[PDB]
Amino acid sequence: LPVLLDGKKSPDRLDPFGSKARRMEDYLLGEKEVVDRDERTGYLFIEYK
Amino acid sequence: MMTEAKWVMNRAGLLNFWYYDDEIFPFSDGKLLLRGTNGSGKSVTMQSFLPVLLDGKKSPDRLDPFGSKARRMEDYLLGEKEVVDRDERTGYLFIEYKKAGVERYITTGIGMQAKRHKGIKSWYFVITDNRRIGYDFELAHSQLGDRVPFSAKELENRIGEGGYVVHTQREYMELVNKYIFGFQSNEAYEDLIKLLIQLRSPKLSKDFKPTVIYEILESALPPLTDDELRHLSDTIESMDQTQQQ
Amino acid sequence: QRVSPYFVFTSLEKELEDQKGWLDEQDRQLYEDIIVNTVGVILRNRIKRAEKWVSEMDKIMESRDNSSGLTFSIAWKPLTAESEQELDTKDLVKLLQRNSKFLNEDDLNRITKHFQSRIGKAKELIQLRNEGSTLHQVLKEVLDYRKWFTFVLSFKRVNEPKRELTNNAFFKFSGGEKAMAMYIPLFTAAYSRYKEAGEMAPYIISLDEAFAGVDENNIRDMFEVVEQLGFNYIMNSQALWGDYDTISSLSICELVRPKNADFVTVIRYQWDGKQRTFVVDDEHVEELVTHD
Amino acid sequence: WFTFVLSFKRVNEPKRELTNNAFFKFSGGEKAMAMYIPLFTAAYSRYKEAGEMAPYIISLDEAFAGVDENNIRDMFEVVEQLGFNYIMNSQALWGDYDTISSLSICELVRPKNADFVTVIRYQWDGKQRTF
Amino acid sequence: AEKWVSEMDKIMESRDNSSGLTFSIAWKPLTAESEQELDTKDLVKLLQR
Amino acid sequence: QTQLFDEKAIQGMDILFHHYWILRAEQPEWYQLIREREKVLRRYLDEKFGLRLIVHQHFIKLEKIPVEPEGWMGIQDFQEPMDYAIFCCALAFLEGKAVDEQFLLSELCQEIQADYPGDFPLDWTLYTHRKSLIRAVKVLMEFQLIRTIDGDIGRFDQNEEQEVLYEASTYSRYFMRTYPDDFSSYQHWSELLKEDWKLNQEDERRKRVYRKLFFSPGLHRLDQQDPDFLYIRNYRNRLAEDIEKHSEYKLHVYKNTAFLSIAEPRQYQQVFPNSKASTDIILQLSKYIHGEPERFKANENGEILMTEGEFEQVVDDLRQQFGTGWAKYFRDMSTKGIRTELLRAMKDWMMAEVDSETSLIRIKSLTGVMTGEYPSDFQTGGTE
Amino acid sequence: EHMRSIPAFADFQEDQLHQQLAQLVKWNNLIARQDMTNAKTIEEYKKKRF
Amino acid sequence: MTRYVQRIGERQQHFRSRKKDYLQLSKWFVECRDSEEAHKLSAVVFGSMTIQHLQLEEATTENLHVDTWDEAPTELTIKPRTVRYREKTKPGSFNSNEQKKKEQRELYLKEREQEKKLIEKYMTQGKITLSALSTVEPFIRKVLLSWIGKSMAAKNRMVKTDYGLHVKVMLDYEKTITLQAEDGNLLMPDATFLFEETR
Amino acid sequence: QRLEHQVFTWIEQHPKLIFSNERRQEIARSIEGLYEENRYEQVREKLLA
């Protein structure tokens, strides 16, 4: 939240104000330095009743 | 075998400071481990003892975790006005050293008086004659009623004879270095303490990668004292000024 | 005084004639060089002492073995300048580290040339920094040697290559290993410092809530390290109890002033490496027994 | 062009403006209530702008920084009263609070910053004390 | 924005709380420095046309 | 590099205000800190006050020039005009001494006597004259204009032949602000104001108000139709927002006065009330005046009017109720002496003025802001 | 001081010392100059101590 | 030497003065017939060394149209200027709340003794299993949740009772069990525990 | 003050006497207010009491 409410995954939606301090790419990939996984394909889904 | 005889810390008292009405803490040998819910003073207490009691500088920055000046030591001394209806107090902090492998004890403690937003005194002392507070020496006479902490003058008389009492942080720090630490300079002691404040600052507990460490180390190295640059800079400035004139 | 222009012109002629005789640029350069040369020797002395200090830091980090199958080492070295317009400090440093035995008049001239370039750079910086800061400040910035060199921390796991500690390298560590890498430089600095101290000094440290999150075994190891170095410490925590077997003996105090209550209650425990009893402090218990 | 002004009224007290001093006079629970209910009410009104079927969602990271254990109980009662659907996280909180009508939990463990994650799942239902 | 803060105020005042402390919020319009300016509230008054 | 007004800027501003000036050699930390925000502070001082601040290598000084000078502003340790005259003569002497030059106290007395420009001669054989010079020298030494180590002038008190060895310090040159014209053209002090306000023509009213507010504990309404007070009313609010962002103060405004309150005074700050008992008795008088608004009708200007006789009756009445708890110093002093001292004190804090001729007392509403009493259990023990 | 420390001149007269110093300087054997700054007792400030 | 050459230059280019100005001011001070006038004039010359203001406790209503006499004044309690209450220069005594501190430690340790007795009740020959205790105390539920957190966060399977009794965890994960207490219910996987000899 | 010290050394010299803390505070206070509140007679009168 609120990323999956609309889908704007840009850092402004992650940072409590909107900064670019932390980025979506590492969230998908896993952090840049911790792992060598520069590529991946994934899915995310929430279910509503 | 040891060298000439290293100190060890086994005891730590407080007397009428903050809500610390009369508390003391023994150290196994030289080690101790406080605990309690956050905001209770386990930090204010540790900060008061180290490195504060080591040199005596009491400015808000040393106690303050952010490194800002939000709350002073004085505030701690007097306590929250919402809890204690007082604007004047006298607090005593002290630690009791024992020489490792020997039965010699050196004590060091601070005595403070603070009046809510009216000004804070301070006096320092160090006992070296092997008197121990609470075994063959005392800090609060019961005369006039209950236990009453010594006022500055009585404490100065009583230690003055057997140990030193000083009234400036610099002199106290010089004394402490001379007796306990044996640094080859007072400045080096100050720089060590500078390193110690960083050691204590909480950014360690929080930030986890190396580039913080590199900045810390680079800051640890001792710089150029103003004298060495002073001769060259003065001469060059005078020469260029002459040229301009 | 109020004098006619003839008098002022004559006076300025005579004065400029006299003032012009005071100095000459060659003497300016000579004086500057001789002072800068003694300052350079002083800087050499500071570099040598710092180099010994760094050697000590690496030696202390190297001279023990840690339960994680790891040994640490730190290293110092001059960086290369951005460009040669700054005459790269690494050449001058090479000259400085050059053994006096290996030194010669040409190298002395080269070092002096380097200082000359730096003083010229100092004056240019004065011009660019129109803020009017004194030449002393610009000098204290240009000649501060601590900025010229950089540290490189390194670890060598059992039968694994020695490595430089970049953030990425930090990430190669396990979690506990990361904690050691971060919290070892501090111990080695404070321990080398005390080794600098006199024979009276008690090796003191203070840990503030450290390691919340680290698995009991590893904080155990941290205390093992502290044991190896031989520290005396005062540590505070919200949940840490200090019942780890690497702690030979320890005293744990619990602070209590709940609900805004105005008095602090101290509940003093003890430790001996295996068990933590409830302590009623001996001397003060006897004091309570006697005084009445 | 404008500035925001908060006003606080302790029970039976004259209206004011929510300055630092009036803040210091608050108790821990009162402090927490004043700071966080307004924010969640802002979220609520914003959702009033939303459509009819929208689930009024809020969030908190390191949830309820500096709040007393009791009003944290209160917070989860307040949340139930407002009807929010929320995804919160917290390092020390455990979600075992009687005021929670129901709440799923999950624990993420990755202490070693290494790139593996261990996931434990739970659930909680609470027993709000009906007297 | 006025609608958002108005609904905010209505909600904040209507619901009572366990702490016994009530909060209400308003937008204070800055005041004009020289008589060529309007108080921001009045400015909004005019601005509503 | 973009600095912002924060705790540090407030602290530097306060340190500047509550001291005459700051010397580098003793307050190096404050000097550097102030220097760091000096950029924001200069802009800010210009923006709000329009005051100048000169920061140089050895000291920093804030030319706190008041809108209308008041007695308490001046160096208080001085007690006679003669003290100031001797101070100025000492300045002239320092003008005669080169930097780091060493001069004897005896030489200083002789040159001051020779130069002293008044018609009525200064004589060093007297006690009072010597006391005035010693006070002047003490103030001089306070600002390190002159350093002193050999002996102690105090013996000079009882021994005019006494001697001390003094050294003229560098600060003497820079002590006094500049007077850009032919100073003689300033035929009267009132002409100085005409200078400072020819320099502050742009939005002169706001700067005037800022200076009046910030300097004095309060700012009193001249009359019912005071243009300044109407001005204050128009920007009361914007002042309050600015004051909350920028300072310790909290604004108060009333029909006949406006003032700044301060929440937390530090060691170095001056505030009312304070330890001196006379503030306590002033407060007791304030409560007594508050208790009879109708007998002591507050006039339209918010002032309360009493004649010297009425005031003396009040002081006797007060000695009856609270006199039991007063210090023996006041308890032992006649009514008229207490009257004179309290009225001077109340003038210093601008609480009231005593008309010299008609003896009318004007008590300002600012006096009525605060009232004080003893704790009730003692009030009943003393005079139930 | 040091002349008196030598036994041969324990009774050394300092007026004779300064006479001898002036004679030596006059004899192109010594140099001296009055101190400009270092006065601690007012007498030192007076006495032009060379 | 360089300083001296620089001084020659400054000698060439320097020199100001203001002395005579002092004299007019001194004459004016002669005309100052009363010291308050003189203070005012001195303030003209230089300004105030400090500033005057009053301390208060809180903000007040901003009624521009009202005056203090209408207002309720700032009533103050005055520490009597007689020792007849207490007029103090020498330090005061610490309250000596040793009674209260002893009582606090006693009560705290007694609560912890109750907790210890509870843990002892649940130490079944030094082993505990969560599923076996499907009905539990709130304290024991939180203790066991802390045990799960400590054992799973710390791959060492270590666990700590606040009394120093260590605990190493046996583990198994294919289960859904319910836990009942005074406050709420929780559905969790199971875990097993054993006690060590740090007693 | 020195006389007060002597007084409480006169007190502290008779250990067989159980001068409670309250009477000691009374004496302290009575001394503190000498000749402003009570002459010595009221002090030595209470000591004799």
# chains A, B, ... in the order shown; residues from 1 in each chain; ligands from 1
call {"tool": "interface_residues", "arguments": {"of": "chain D", "to": "chain F", "cutoff": "12 Å", "atoms": "only C-alpha atoms", "output": "MDAnalysis selection string"}}
result
chainID D and resid 2:5 19:21
call {"tool": "write_last_selection", "arguments": {"atoms": "C-alpha atoms", "output": "PDB file, in the first residue's frame"}}
result
ATOM      1  CA  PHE D   2      -2.567  29.116   3.960  1.00  0.00           C
ATOM      2  CA  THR D   3      -1.234  27.296   6.997  1.00  0.00           C
ATOM      3  CA  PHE D   4      -2.715  24.446   8.991  1.00  0.00           C
ATOM      4  CA  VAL D   5      -3.960  24.955  12.530  1.00  0.00           C
ATOM      5  CA  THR D  19       0.948  24.179  20.460  1.00  0.00           C
ATOM      6  CA  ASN D  20       3.944  22.280  21.780  1.00  0.00           C
ATOM      7  CA  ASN D  21       3.231  23.263  25.409  1.00  0.00           C
TER       8      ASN D  21
END
call {"tool": "closest_atom_pairs", "arguments": {"of": "chain B", "to": "chain I", "cutoff": "8 Å", "atoms": "only C-alpha atoms", "output": "CSV"}}
result
residue,atom,partner,partner_atom,distance
B:143,CA,I:8,CA,7.6
B:144,CA,I:24,CA,5.5
B:145,CA,I:21,CA,4.4
B:146,CA,I:21,CA,6.8
call {"tool": "write_last_selection", "arguments": {"atoms": "C-alpha atoms", "output": "CSV table (one decimal), in the first residue's frame"}}
result
chain,number,residue,atom,x,y,z
B,143,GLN,CA,22.8,15.8,61.0
B,144,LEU,CA,19.9,18.3,61.1
B,145,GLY,CA,17.5,15.5,60.4
B,146,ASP,CA,17.7,12.8,57.6
call {"tool": "interface_residues", "arguments": {"of": "chain D", "to": "chain H", "cutoff": "9 Å", "atoms": "only C-alpha atoms", "output": "list in words"}}
result
residues 16, 21, 22, 94, 96, 97, 98, 99, 100, 101, 107, 108, 109, 110, 111, 118, 120, 121, 122, 123, 124, 125, 126, 127, 128 and 129 of chain D
call {"tool": "residues_around", "arguments": {"residues": "segment 38-42 of chain E", "least_positions_apart": "5", "cutoff": "12 Å", "atoms": "only C-alpha atoms", "output": "list in words"}}
result
residues 1, 2 and 3 of chain D; 2, 26, 27, 28, 29, 30, 31, 32, 33, 47, 48 and 49 of chain E; 234, 235, 237 and 238 of chain F
call {"tool": "select_by_dssp", "arguments": {"residues": "segment 10-129 of chain H", "states": "helix (DSSP H, G or I)", "output": "MDAnalysis selection string"}}
result
chainID H and resid 10:13 19:31 35:45 98:122
call {"tool": "write_last_selection", "arguments": {"atoms": "N, CA and C atoms", "output": "compact mmCIF listing (two decimals), in the first residue's frame"}}
result
# COMPACT_ATOMS: atom_id res chain seq x y z
N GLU H 10 51.59 49.34 5.91
CA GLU H 10 50.43 49.86 6.63
C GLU H 10 50.69 51.27 7.13
N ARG H 11 51.88 51.52 7.67
CA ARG H 11 52.29 52.87 8.04
C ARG H 11 52.11 53.82 6.87
N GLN H 12 52.52 53.39 5.68
CA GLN H 12 52.30 54.22 4.49
C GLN H 12 50.82 54.52 4.30
N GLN H 13 49.96 53.52 4.51
CA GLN H 13 48.59 53.62 4.00
C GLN H 13 47.52 53.84 5.07
N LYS H 19 38.81 60.80 18.45
CA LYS H 19 38.88 61.20 19.86
C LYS H 19 37.97 62.39 20.16
N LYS H 20 38.03 63.42 19.32
CA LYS H 20 37.32 64.66 19.62
C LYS H 20 35.84 64.40 19.84
N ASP H 21 35.29 63.39 19.17
CA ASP H 21 33.87 63.08 19.32
C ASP H 21 33.55 62.82 20.78
N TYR H 22 34.44 62.10 21.45
CA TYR H 22 34.25 61.80 22.86
C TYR H 22 33.96 63.07 23.64
N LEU H 23 34.64 64.16 23.28
CA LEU H 23 34.62 65.36 24.10
C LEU H 23 33.24 66.01 24.09
N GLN H 24 32.61 66.10 22.92
CA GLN H 24 31.25 66.62 22.85
C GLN H 24 30.30 65.78 23.69
N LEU H 25 30.44 64.46 23.61
CA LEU H 25 29.58 63.59 24.40
C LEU H 25 29.81 63.80 25.89
N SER H 26 31.06 63.93 26.29
CA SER H 26 31.38 64.18 27.69
C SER H 26 30.76 65.49 28.15
N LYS H 27 30.86 66.52 27.31
CA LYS H 27 30.23 67.79 27.64
C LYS H 27 28.73 67.61 27.81
N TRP H 28 28.11 66.85 26.91
CA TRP H 28 26.69 66.58 27.05
C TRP H 28 26.39 65.90 28.37
N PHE H 29 27.22 64.93 28.76
CA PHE H 29 27.08 64.31 30.06
C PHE H 29 27.21 65.33 31.18
N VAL H 30 28.06 66.34 30.99
CA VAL H 30 28.08 67.45 31.93
C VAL H 30 26.71 68.09 32.00
N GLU H 31 26.10 68.34 30.84
CA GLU H 31 24.74 68.87 30.82
C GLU H 31 23.73 67.89 31.39
N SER H 35 20.73 61.18 36.29
CA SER H 35 21.39 59.99 35.76
C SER H 35 20.48 59.20 34.82
N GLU H 36 19.17 59.35 34.93
CA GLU H 36 18.29 58.64 34.01
C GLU H 36 18.38 59.24 32.61
N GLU H 37 18.34 60.57 32.52
CA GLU H 37 18.64 61.24 31.27
C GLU H 37 19.98 60.77 30.72
N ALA H 38 20.98 60.65 31.60
CA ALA H 38 22.30 60.22 31.16
C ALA H 38 22.27 58.80 30.62
N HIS H 39 21.54 57.91 31.29
CA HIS H 39 21.41 56.55 30.79
C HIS H 39 20.78 56.55 29.41
N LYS H 40 19.73 57.35 29.24
CA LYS H 40 19.08 57.46 27.95
C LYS H 40 20.06 57.91 26.88
N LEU H 41 20.84 58.95 27.19
CA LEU H 41 21.80 59.47 26.22
C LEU H 41 22.85 58.42 25.90
N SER H 42 23.34 57.73 26.92
CA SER H 42 24.31 56.67 26.68
C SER H 42 23.73 55.60 25.77
N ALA H 43 22.47 55.24 25.99
CA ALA H 43 21.81 54.29 25.10
C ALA H 43 21.76 54.82 23.68
N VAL H 44 21.52 56.12 23.52
CA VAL H 44 21.65 56.72 22.19
C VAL H 44 23.02 56.40 21.63
N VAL H 45 24.05 56.62 22.44
CA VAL H 45 25.41 56.48 21.95
C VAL H 45 25.68 55.05 21.53
N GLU H 98 13.82 5.16 50.65
CA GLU H 98 14.25 3.77 50.71
C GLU H 98 13.08 2.84 50.97
N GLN H 99 12.11 3.28 51.77
CA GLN H 99 10.89 2.50 51.94
C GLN H 99 10.22 2.22 50.60
N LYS H 100 10.00 3.28 49.82
CA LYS H 100 9.29 3.12 48.55
C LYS H 100 10.10 2.28 47.57
N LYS H 101 11.42 2.48 47.52
CA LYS H 101 12.26 1.71 46.62
C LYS H 101 12.25 0.23 47.00
N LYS H 102 12.35 -0.05 48.30
CA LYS H 102 12.29 -1.43 48.77
C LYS H 102 10.95 -2.05 48.42
N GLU H 103 9.86 -1.31 48.63
CA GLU H 103 8.54 -1.82 48.30
C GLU H 103 8.42 -2.10 46.81
N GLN H 104 8.94 -1.20 45.98
CA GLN H 104 8.88 -1.39 44.54
C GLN H 104 9.63 -2.64 44.13
N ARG H 105 10.85 -2.81 44.64
CA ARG H 105 11.60 -4.02 44.29
C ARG H 105 10.86 -5.26 44.78
N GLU H 106 10.30 -5.19 45.99
CA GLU H 106 9.56 -6.32 46.53
C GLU H 106 8.40 -6.70 45.62
N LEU H 107 7.61 -5.70 45.22
CA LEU H 107 6.43 -5.96 44.41
C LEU H 107 6.81 -6.46 43.02
N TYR H 108 7.82 -5.84 42.41
CA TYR H 108 8.30 -6.29 41.11
C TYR H 108 8.79 -7.73 41.18
N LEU H 109 9.62 -8.03 42.17
CA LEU H 109 10.16 -9.37 42.31
C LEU H 109 9.07 -10.37 42.65
N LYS H 110 8.01 -9.92 43.31
CA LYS H 110 6.91 -10.82 43.64
C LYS H 110 6.08 -11.15 42.40
N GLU H 111 5.83 -10.15 41.56
CA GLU H 111 5.20 -10.43 40.27
C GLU H 111 6.05 -11.40 39.47
N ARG H 112 7.37 -11.17 39.46
CA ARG H 112 8.25 -12.07 38.71
C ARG H 112 8.33 -13.44 39.36
N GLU H 113 8.14 -13.53 40.68
CA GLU H 113 8.09 -14.83 41.34
C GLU H 113 6.83 -15.58 40.95
N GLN H 114 5.71 -14.87 40.84
CA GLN H 114 4.50 -15.49 40.32
C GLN H 114 4.74 -16.01 38.91
N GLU H 115 5.37 -15.19 38.06
CA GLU H 115 5.67 -15.62 36.70
C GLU H 115 6.59 -16.83 36.69
N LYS H 116 7.59 -16.84 37.57
CA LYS H 116 8.51 -17.96 37.68
C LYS H 116 7.79 -19.23 38.12
N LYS H 117 6.88 -19.11 39.08
CA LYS H 117 6.10 -20.26 39.52
C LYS H 117 5.24 -20.78 38.38
N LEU H 118 4.69 -19.87 37.58
CA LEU H 118 3.90 -20.25 36.42
C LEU H 118 4.74 -21.02 35.41
N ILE H 119 5.94 -20.51 35.10
CA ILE H 119 6.84 -21.20 34.18
C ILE H 119 7.20 -22.57 34.73
N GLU H 120 7.46 -22.65 36.03
CA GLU H 120 7.77 -23.92 36.67
C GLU H 120 6.62 -24.90 36.52
N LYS H 121 5.39 -24.42 36.76
CA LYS H 121 4.21 -25.24 36.53
C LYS H 121 4.24 -25.80 35.12
N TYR H 122 4.69 -24.98 34.16
CA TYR H 122 4.70 -25.44 32.78
C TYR H 122 6.00 -26.14 32.37
call {"tool": "residues_around", "arguments": {"residues": "residue 46 of chain G", "least_positions_apart": "5", "cutoff": "10 Å", "atoms": "only C-alpha atoms", "output": "count of residues only"}}
result
3
call {"tool": "residues_around", "arguments": {"residues": "residue 12 of chain G", "least_positions_apart": "5", "cutoff": "8 Å", "atoms": "only C-alpha atoms", "output": "PyMOL selection string"}}
result
chain G and resi 3-4+17
call {"tool": "write_last_selection", "arguments": {"atoms": "C-alpha atoms", "output": "tab-separated table (two decimals), in the first residue's frame"}}
result
chain	number	residue	atom	x	y	z
G	3	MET	CA	78.18	35.95	40.37
G	4	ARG	CA	77.01	35.64	43.96
G	17	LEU	CA	77.48	45.16	38.35
call {"tool": "select_by_dssp", "arguments": {"residues": "segment 86-204 of chain F", "states": "strand (DSSP E or B)", "output": "list in words"}}
result
residues 102, 103, 104, 146, 147, 148, 165, 166, 167 and 168 of chain F
call {"tool": "atom_distance", "arguments": {"atom1": "atom CA of residue 54 of chain B", "atom2": "atom CA of residue 142 of chain B"}}
result
29.0 Å
call {"tool": "interface_residues", "arguments": {"of": "chain A", "to": "chain C", "cutoff": "9 Å", "atoms": "only C-alpha atoms", "output": "short mmCIF file (atom, residue, chain, number, x, y, z; two decimals) with N, CA and C atoms, in the first residue's frame"}}
result
data_model
loop_
_atom_site.label_atom_id
_atom_site.label_comp_id
_atom_site.auth_asym_id
_atom_site.auth_seq_id
_atom_site.Cartn_x
_atom_site.Cartn_y
_atom_site.Cartn_z
N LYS A 32 19.99 -4.37 -4.76
CA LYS A 32 21.02 -4.41 -5.79
C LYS A 32 22.28 -5.10 -5.29
N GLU A 33 22.81 -4.63 -4.17
CA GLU A 33 24.09 -5.12 -3.69
C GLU A 33 24.00 -6.53 -3.09
N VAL A 34 22.90 -6.84 -2.40
CA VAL A 34 22.79 -8.11 -1.69
C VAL A 34 22.78 -9.30 -2.65
N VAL A 35 22.26 -9.13 -3.87
CA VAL A 35 22.16 -10.26 -4.79
C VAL A 35 22.60 -9.89 -6.20
#
call {"tool": "residues_around", "arguments": {"residues": "residue 87 of chain F", "least_positions_apart": "3", "cutoff": "6 Å", "atoms": "only C-alpha atoms", "output": "list in words"}}
result
residues 84, 90 and 136 of chain F
call {"tool": "write_last_selection", "arguments": {"atoms": "N, CA, C and O atoms", "output": "mmCIF file, in the first residue's frame"}}
result
data_model
loop_
_atom_site.group_PDB
_atom_site.id
_atom_site.type_symbol
_atom_site.label_atom_id
_atom_site.label_comp_id
_atom_site.auth_asym_id
_atom_site.auth_seq_id
_atom_site.Cartn_x
_atom_site.Cartn_y
_atom_site.Cartn_z
ATOM 1 N N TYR F 84 29.591 58.731 33.389
ATOM 2 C CA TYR F 84 29.667 58.682 31.936
ATOM 3 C C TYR F 84 30.712 59.651 31.403
ATOM 4 O O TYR F 84 31.416 59.344 30.435
ATOM 5 N N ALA F 90 37.994 58.484 29.564
ATOM 6 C CA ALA F 90 38.805 57.278 29.476
ATOM 7 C C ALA F 90 38.909 56.817 28.032
ATOM 8 O O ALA F 90 39.968 56.371 27.583
ATOM 9 N N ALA F 136 34.175 53.312 36.442
ATOM 10 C CA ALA F 136 34.427 53.426 35.012
ATOM 11 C C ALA F 136 35.479 52.416 34.582
ATOM 12 O O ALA F 136 35.340 51.747 33.553
#
call {"tool": "residues_around", "arguments": {"residues": "residue 53 of chain C", "least_positions_apart": "2", "cutoff": "10 Å", "atoms": "only C-alpha atoms", "output": "MDAnalysis selection string"}}
result
(chainID B and resid 221) or (chainID C and resid 47:51 55:59 189 192:193 196)
call {"tool": "atom_distance", "arguments": {"atom1": "atom CA of residue 124 of chain H", "atom2": "atom CA of residue 239 of chain C"}}
result
25.4 Å
call {"tool": "closest_atom_pairs", "arguments": {"of": "chain D", "to": "chain B", "cutoff": "10 Å", "atoms": "only C-alpha atoms", "output": "CSV"}}
result
residue,atom,partner,partner_atom,distance
D:24,CA,B:82,CA,9.4
D:25,CA,B:82,CA,8.1
D:66,CA,B:39,CA,10.0
call {"tool": "write_last_selection", "arguments": {"atoms": "C-alpha atoms", "output": "compact mmCIF listing (two decimals), in the first residue's frame"}}
result
# COMPACT_ATOMS: atom_id res chain seq x y z
CA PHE D 24 3.73 18.40 26.61
CA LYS D 25 0.80 18.55 29.04
CA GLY D 66 5.82 6.32 21.06
call {"tool": "atom_distance", "arguments": {"atom1": "atom CA of residue 312 of chain F", "atom2": "atom CA of residue 220 of chain F"}}
result
25.4 Å
call {"tool": "closest_residue", "arguments": {"among": "A:42, A:3, A:10, A:18", "to": "residue 30 of chain A", "atoms": "only C-alpha atoms"}}
result
A:42
call {"tool": "interface_residues", "arguments": {"of": "chain I", "to": "chain H", "cutoff": "10 Å", "atoms": "only C-alpha atoms", "output": "count of residues only"}}
result
6
call {"tool": "closest_residue", "arguments": {"among": "C:202, C:258, C:69, C:213", "to": "chain B", "atoms": "only C-alpha atoms"}}
result
C:202
call {"tool": "closest_residue", "arguments": {"among": "F:308, F:195, F:107, F:357", "to": "chain H", "atoms": "only C-alpha atoms"}}
result
F:195
